[PDB]
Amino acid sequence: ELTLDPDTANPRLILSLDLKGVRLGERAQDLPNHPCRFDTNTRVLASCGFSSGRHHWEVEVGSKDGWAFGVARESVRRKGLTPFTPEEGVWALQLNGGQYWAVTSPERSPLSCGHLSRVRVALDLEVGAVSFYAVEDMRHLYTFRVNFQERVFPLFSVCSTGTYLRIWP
């Protein structure tokens, strides 16, 4: 079962008591400056990452703008504002402008998928893929094909108040 890693979380994020949920707050928490902590970008990783095999989880997503989630390679940079892009080691979907995106670069890719409530993330480290599905009807949203070469962690980001992400059984 995944849980969010509080040592990675940007200090403006609020992690739920059960460490499954994240939203953005107004307060910058006073937290230890661990190297694994995202000090500027509004990100948090799960506590455990994967090096091989197939793994899946589900993310409950808010209806309002401001979230992005998927996976990141461990070496994703933690300090400073870093780009949210595949080149920088993040493979994610995002909600911005009432629209859903795969965060490709330099052009984001529109999904045109309609409203999402819960998304299944399927990480395949044998093939080198990460895929996203809408849980309601399992329609395929997006797949990134990647030559993963290190440990890969579930990634969550919430850069606006009023939305959330939550890991769901």
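Numbering starts at 1 and follows the sequence shown.
Remark: stretch with higher mean C-alpha B factor among 67-75 and 82-90 is 82-90. Two stretches are in play, 37-45 and 96-104, and the higher mean C-alpha B-factor belongs to 96-104.
Set against one another, the Cα B-factors of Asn10, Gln149, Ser160, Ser157 in the record reach their highest point at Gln149. Based on the entry's C-alpha B-factors, the most elevated value among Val135, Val121, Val61, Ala129 belongs to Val135. Annotation for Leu19: CA B-factor lies in the highest third of the chain's modelled residues.
For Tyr142, the recorded CA B-factor ranks within the lowest third of the chain. Only modelled residues enter the ranking.
Ranked against the other modelled residues of its chain, the C-alpha B-factor of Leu4 as given in the entry falls in the middle third.
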